[PDB]
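Next up: just one chain, as structure tokens, the form deposited in one PDB entry.
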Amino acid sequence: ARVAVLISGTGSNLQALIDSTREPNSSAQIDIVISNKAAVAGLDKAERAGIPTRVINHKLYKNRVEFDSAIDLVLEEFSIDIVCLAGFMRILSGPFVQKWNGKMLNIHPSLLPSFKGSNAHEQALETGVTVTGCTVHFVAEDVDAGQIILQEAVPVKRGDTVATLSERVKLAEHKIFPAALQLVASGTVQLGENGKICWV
């Protein structure tokens, strides 16, 4: 399966996916990395790995649908089968999500359905949980509400900050996102017709 990875930043999840998809038994190959932001570290990581990159600046588009169309054009250019959102911080439009239904994965740094949205660690710390984690899910129109593929729990330590908690949770992200991508790319896991996850 042919994979696009979309990023907005550092790209540690991208690097874990690069490492995993290059193992001999990988069912996935990363053929394009797309960032909505120029000069982010994730682009350096892709270049170093010899993977093509494109920058599609959302600021240059009239609306969300036009931006998504620009992304979709590149996905078609590279005959992409599966899209991974790896620190990509834009909400995708309904039609784009429907087109890629069952083919687009996101990583989120909480145990969904807790702490949906952009500041999950801040929320976890404010709430006072002692266990948080991360989730890989299929992308549905409603943000952070699509079908869950894998999750991993991560403890919150007393005195944690966003800095220390995000660091700990990223170790788990780098485990489950490669594992989830392999499950989908190999056809082991798919989005069922009834909308529920299906393990074959």
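We call the rigid core the largest set of C-alpha positions that still match within 1.5 Å between the two forms. All residue numbers refer to positions in the sequence shown, first residue = 1.
According to the PDB record, 60-68 carries the higher mean C-alpha B-factor of the two stretches 60-68 and 171-179.
Higher mean CA temperature factor between 112-120 and 94-102: 94-102, per the PDB entry. Remark: of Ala163, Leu150, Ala46, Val154, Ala46 shows the highest value [criterion: C-alpha B-factor in the PDB entry].
Comparing C-alpha B-factors across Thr132, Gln29, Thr135, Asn36 in the deposited entry, the largest value falls on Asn36. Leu73: CA B factor in the highest third of modelled residues in this chain (values from the PDB entry).
Missing here is the form deposited in another entry; even so, the following discussion is about that form.
With the core held fixed by superposition, the comparison between the shown form and the other one singles out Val156 as the only member of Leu150, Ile32, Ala28, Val156 whose CA moves by at least 2 angstroms. Taking the rigid core as fixed, one finds a CA shift for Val129 of 2 Å or more between the shown form and the other one.
With the core superposed, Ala46 shows a C-alpha displacement below 2 Å between the shown form and the other one. Annotation: Cα of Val139 displaced by less than 2 Å between the shown form and the other one, core superposition.
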